[PDB]
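Student: an experimental structure, sequence included, is below.
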Amino acid sequence: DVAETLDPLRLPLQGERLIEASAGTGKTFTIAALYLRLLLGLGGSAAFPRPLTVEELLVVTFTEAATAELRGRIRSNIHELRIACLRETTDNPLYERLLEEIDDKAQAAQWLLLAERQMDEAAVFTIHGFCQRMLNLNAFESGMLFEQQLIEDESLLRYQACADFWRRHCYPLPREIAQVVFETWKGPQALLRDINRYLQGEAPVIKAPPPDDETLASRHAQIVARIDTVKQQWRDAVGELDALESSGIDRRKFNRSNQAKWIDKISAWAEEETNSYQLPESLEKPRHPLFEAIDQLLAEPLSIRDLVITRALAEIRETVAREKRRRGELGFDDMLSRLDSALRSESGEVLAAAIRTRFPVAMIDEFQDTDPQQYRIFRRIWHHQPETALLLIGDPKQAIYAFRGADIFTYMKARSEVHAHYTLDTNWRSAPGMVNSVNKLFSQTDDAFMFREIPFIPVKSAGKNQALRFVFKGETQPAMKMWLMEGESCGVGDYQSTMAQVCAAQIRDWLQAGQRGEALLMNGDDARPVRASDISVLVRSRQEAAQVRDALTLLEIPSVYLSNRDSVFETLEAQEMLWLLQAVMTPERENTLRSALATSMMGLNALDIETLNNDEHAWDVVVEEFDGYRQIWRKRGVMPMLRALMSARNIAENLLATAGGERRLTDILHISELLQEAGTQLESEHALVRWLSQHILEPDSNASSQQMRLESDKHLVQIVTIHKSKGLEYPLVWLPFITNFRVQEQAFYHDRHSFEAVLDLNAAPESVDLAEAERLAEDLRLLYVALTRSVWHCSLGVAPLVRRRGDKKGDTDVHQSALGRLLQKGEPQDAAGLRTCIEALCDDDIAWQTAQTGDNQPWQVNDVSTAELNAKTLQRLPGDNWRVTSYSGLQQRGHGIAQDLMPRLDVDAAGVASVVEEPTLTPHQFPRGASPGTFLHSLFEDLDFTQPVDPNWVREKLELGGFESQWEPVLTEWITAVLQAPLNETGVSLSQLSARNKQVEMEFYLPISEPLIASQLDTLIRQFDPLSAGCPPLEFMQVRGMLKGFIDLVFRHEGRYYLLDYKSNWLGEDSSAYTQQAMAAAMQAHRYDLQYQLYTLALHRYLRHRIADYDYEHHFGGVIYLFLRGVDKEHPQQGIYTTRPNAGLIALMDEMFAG
DNA sequence: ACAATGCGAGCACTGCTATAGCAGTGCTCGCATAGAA
Ligand SMILES: [Ca+2]
């Protein structure tokens, strides 16, 4: 017992070691040390068998920021100790004591070099990261999915489950029963608020659970039966108006009758006031008659609660689980839970060993916060195992996360199993005066943390800090100062209004006296004025924080609640912005707009609003303004719009100058950052507006919508919670409400023998007594952390608090609080009895005063400022724009992201279809659009023009394409008709083209230097092409760069090369629309003519390039357009179109590019 | 074109029955009601 003062370098790196890193004892410096030792296998007898790799030293922390810092601190130490190995000389502690243990500085340098470059894979994860990691590796054993989705809901999944339970369980109930339930809970909402704690993590063991089968009906019967029989032993016993004590006035007849009418058709376990007329009491105030059965009724409770509950969480759990499986999702409780089952199951050894190898030695940090599930997994892998080491480090005095499931008991359990104990004796980080005061306080009684297994061993304060002191308006102040309210009695109300006031006063008192250089934090002969950034107010709950923030704010002392969870969505700004987006979204409606302008964010006046209502031209002015913002919104988005708005109305600049404006601004900006995300997830502005409403209505979701703290708060007295403060350090700290306690009423305790979480579904005084114990057992634990946060000094508020409505009978249930229990050494005290106990211990480091309230609204601080700024202004200019167009300088958008998702989509088609279904399928009735158009293009992507059209291949093509098989005849006949179709003249017909003379889907890139002006090109395009005579053209604007383009088909009729572009278009009824006229019409209609000139200009450049010494009119003679539809076996020139570029056009057009 | 409970105090008043103490009926009113992969 009583741990060995831990000497890192001499710690035996071999199996099971428990390390207690007291308050700020350098737990981190220790871990790193131990990490290095392991890497280089250092030590000696207390060393590890062999050297380990970065990817073998398992370290698990609880926080995410934790593993980051831990991972960071280590890469550094390695980089140093490694460097200090190359120099074989180091002049900085730790390292030197390390090199003395090194035998070959040259090797360690190498070994270390690897550890350095290996860090981006250091086995330092969180409890949760470790789990899903082992799990996902040994999937078979854990029955895990290779693709798990991390669930988020649950908080909802849970309510839904709790309600599914209420519907299938309570709805079918018959009135008599239903009502009973109702009087236990009104709805599913109420049932959850009672069982929510459970349902989460390890189900607690239910002391005295209901018979594994009692139905709601069962119990109900027994109860009603037990009730109704006594309705008899009174219905027929009410002929007795008996006799033989005092005080029961004849107004007992009032008592009497009140049960004769208690005879309803039942429906309510509820019964009333007969405690008197029992018998086991009538004597307390031969013994008496036949109604002592009542003595038996008010003996063992008449409830339905425990049964339902037991059924609820039991069923609710599995309901939620099932739902997760189905969804294929996984939560965190599950993550480390599934891992615990795996190590439990038969196939638990292959898993235990597997892990064990990967991580032969693991360091568990912040262990005082584990849980049965964790510790189990842990020992199931490393407990009693040669060739391995389990370094368990944390501090039981700081285990304050009970509410999330950190079971201090499972720690004490682990404390029992591992016999090797170690403590860190030196408290770096803090002042001697402090450490002395904290040690004194927690040394009062024995077992201050009241748990023989969690002893408190004082700690030596570090020498480098022996100089620390805090002087104020004269001399040095005591490390610890107790402020005591006056009086005998004191309610929770008082001890807050008054303590916050007091606290507030003392803060401005240090601050003001700080600017006057009278408040100094000094390290011997060095000093500095205390600044808001140095004060800190620990608190227990949101309210308490507010309570403080208010008294502070009442003294112009700005502050910031570091533990704030509210979301940006329920800020008055969110609402204002929404009204704005509604104005932007419709400046037409005179109302919503005015409304927008009325928002505090717009900083308008009452006068402004007025005039602006009586001047119609200035109104439209604004309307225009907003109509522009909607434009900015439609085109660039919300963020660009909002910022555009602010810049005009000069919002940011004004707000910042409006007290508390900075907060309001950051929040508005924030909203925008969220309103921006949401934008790129909905295709309509209105959809976003909607998006807002909901979020404003049902918020608090992620931590992504949590409020961003200001970058100035680093100069604001910080008010945080004992919890967020664990690990944090503060020059000066204040504990305004450190006396409160709040007694535990819920009978949830841990059995002191079996160390198990038991849930007595019956308020058994015995078990509640036990729980209430564990309560302050944790309050002390919190108290320890609170005092531990300050460096130079800490002053807390104490008062003769009293909860018991017992008229100040020398009560002061102060002894029921962690701090009171330590001051009044256990025993309760007089109001003044406290005042005397405080004086008892109180010198050099400890000192008290009376709660001296005060007033002086000023934080009497002034300012100065000189804004000599300006923003660089670039002297360059846009000028040219290099892009890569592609006969898209034509086709107006809509194809936005379309030519992106499908580079070869039949972009030339689009639309819907209707009643043109005529009961005889023809190529005109073939489904219109892009999806079907590309299907057609597809067919000819790899067809055997040469041979005949196999119907099965066609049936198969439609079958896969999602079309109806009943299209094969029409289609198989349609294809061929187009194949054996005569192109221009002498022969030429797709079917005559063999593979070797075909090149399908050619992708070209025609560089285009010297801006291509739409007009300049329209001129020559005119002179040579009679088609482009319909001159609307030049519909695009200047473009420098490249020219993409796909050619459906380019073939050669042994003599020349050609350009074929299959074009599935029209819904234009039949044949008559595919005539040499109609075709040449749609041609300009879609300006396809350009496609020609461009495409050919490419084939030109290509052929010229390939065919070494080629000529246009000797190798070209092409250009064929096949409008697939309207093409029959015997109606040539219909459906097909042909053109042959002027050759003189291609000439000028080619050089048009590079001049 | 719209507001939570519940618990005892606290004191006023009303029978009794060995003026006072103990009890009980009642209506009014102040008090205390989380934590953060
Ligand atoms: Ca085409």
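Tutor: Nice, thanks for sending it over. Numbers count the residues shown, from 1 in each chain, chains lettered A, B, ... in the order given.
Student: mind listing what's buried in whichever strand or helix holds residue A:833?
Tutor: Element membership for residue A:833, per DSSP states H and E: helix A:831-840. Going by neighbour count (16 or more other C-beta atoms under 10 Å), the buried part of helix A:831-840 is A:831, A:833, A:834, A:835, A:837, A:838. Bear in mind the C-beta positions are built from the backbone N, C-alpha and C, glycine included.
Student: longest strand anywhere in chain A?
Tutor: Ranked by residue count under DSSP state E, the longest strand found in chain A is strand A:1040-1051.
Student: give the next helix or strand downstream of it.
Tutor: strand A:1060-1062.
Student: quick check, that next one touching the ion?
Tutor: Yes. Applying C-beta under 5 Å from the ion, one finds strand A:1060-1062 touching the ion at residue A:1061.
Student: got it, and stretch A:888-904?
Tutor: No. Against the ion, stretch A:888-904 shows no contacts by C-beta under 5 Å from the ion, the least distance being 9.3 Å.
Student: dump that stretch to PDB, keeping only the CA atoms.
Tutor: Extracted in PDB, the C-alpha atoms of stretch A:888-904 (Å, rounded to 0.1, in the frame of the first residue of the first chain):
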ATOM      1  CA  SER A 888     -20.600  25.400 -76.500                       C
ATOM      2  CA  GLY A 889     -19.900  29.000 -77.300                       C
ATOM      3  CA  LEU A 890     -23.100  28.300 -79.100                       C
ATOM      4  CA  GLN A 891     -25.500  26.100 -77.100                       C
ATOM      5  CA  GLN A 892     -26.700  28.300 -74.300                       C
ATOM      6  CA  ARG A 893     -26.400  26.900 -70.800                       C
ATOM      7  CA  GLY A 894     -28.600  24.500 -68.900                       C
ATOM      8  CA  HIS A 895     -25.900  22.000 -69.800                       C
ATOM      9  CA  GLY A 896     -24.300  23.400 -66.600                       C
ATOM     10  CA  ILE A 897     -22.700  20.400 -64.900                       C
ATOM     11  CA  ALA A 898     -24.300  18.400 -67.600                       C
ATOM     12  CA  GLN A 899     -21.300  18.300 -70.000                       C
ATOM     13  CA  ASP A 900     -19.500  17.500 -66.700                       C
ATOM     14  CA  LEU A 901     -21.300  14.500 -65.400                       C
ATOM     15  CA  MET A 902     -21.700  12.900 -68.800                       C
ATOM     16  CA  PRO A 903     -19.000  14.100 -71.300                       C
ATOM     17  CA  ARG A 904     -20.700  12.200 -74.100                       C
END
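Student: how close does the closest residue to the ion within the stretch 201-350 of chain A get to residue A:143?
Tutor: Residue nearest to the ion within the stretch 201-350 of chain A: residue A:328 (42.5 Å; C-beta to the ion). Distance, residue A:328 to residue A:143, by C-beta to C-beta, to the nearest Å: 13 Å.
Student: repeat that for residue A:516.
Tutor: Between residue A:516 and residue A:143 the computed distance is 69 Å (C-beta to C-beta).
Student: same thing with residue A:28?
Tutor: Using C-beta to C-beta, residue A:28 is found at 38 Å from residue A:143.
Student: same drill for the two, tell me which one is more crowded.
Tutor: Neighbours per residue (other C-beta atoms under 10 Å) separate residue A:28 from residue A:143, with residue A:28 holding more: 16 against 12.
Student: just the element for that one, please.
Tutor: With DSSP H and E as the test, residue A:28 turns up in helix A:27-39.
Student: secondary structure element holding residue A:719?
Tutor: Using DSSP H and E, residue A:719 falls in strand A:717-721.
Student: can you show me the CA trace of that strand as CSV?
Tutor: What follows is strand A:717-721, C-alpha atoms only, in CSV (Å, rounded to 0.1, in the frame of the first residue of the first chain):
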residue,chain,number,x,y,z
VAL,A,717,-12.3,37.2,-17.2
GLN,A,718,-13.0,33.6,-17.9
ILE,A,719,-16.0,31.9,-16.4
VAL,A,720,-15.9,28.1,-17.0
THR,A,721,-17.1,24.9,-15.4
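Student: how far off centre is it?
Tutor: On the basis of C-alpha atoms, centre = their mean, to the nearest Å, strand A:717-721 sits 23 Å off its chain's mean C-alpha point.
Student: for that strand, packing partners?
Tutor: Contact analysis of strand A:717-721 by 3 or more C-beta pairs under 8 Å, 6 or more residues apart in numbering; DSSP states H and E lists strand A:535-539, helix A:542-553, strand A:559-561 as its packing neighbours.
Student: for whichever residue of chain A sits closest to the ion, which residues are in contact?
Tutor: With C-beta to the ion, the shortest gap between chain A and the ion falls at residue A:1061, namely 4.3 Å. Listed by C-beta atoms under 8 Å, 6 or more residues apart in numbering, the contact partners of residue A:1061 are A:1047, A:1048, A:1049, A:1091, A:1095, A:1120, A:1121, A:1122.
Student: can I get these in JSON lines with neighbour count?
Tutor: Supplementary listing: these in JSON lines, determined by neighbours: other C-beta atoms under 10 Å:
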{"residue": "A:1047", "neighbour count": "20"}
{"residue": "A:1048", "neighbour count": "20"}
{"residue": "A:1049", "neighbour count": "20"}
{"residue": "A:1091", "neighbour count": "22"}
{"residue": "A:1095", "neighbour count": "25"}
{"residue": "A:1120", "neighbour count": "20"}
{"residue": "A:1121", "neighbour count": "22"}
{"residue": "A:1122", "neighbour count": "22"}
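Student: between those, which sits nearest residue A:306?
Tutor: When the contacts of residue A:1061 are compared for distance to residue A:306 (C-beta to C-beta), residue A:1048 wins out at 77.4 Å.
Student: check the stretch 1-150 of chain A for the residue nearest DNA strand B and tell me.
Tutor: residue A:64 (2.9 Å; C-beta to the nearest atom of the strand).
Student: excluding covalently adjacent residues, which one is nearest to that residue?
Tutor: residue A:126 (6.2 Å; C-beta to C-beta, 6 or more residues apart in numbering).
Student: can you get me a residue count around residue A:116?
Tutor: 15.
Student: so what's the residue nearest to it when sequence neighbours are not counted up against?
Tutor: Spatial nearest neighbour of residue A:116, chain neighbours left out: residue A:78 (5.3 Å); criterion: C-beta to C-beta, 6+ apart. Contact analysis of residue A:78 by C-beta under 8 Å, 6+ apart lists A:36, A:39, A:112, A:115, A:116, A:119.
Student: so residue A:78 versus residue A:70, what's the distance?
Tutor: Distance from residue A:78 to residue A:70, by C-beta to C-beta: 13 Å.
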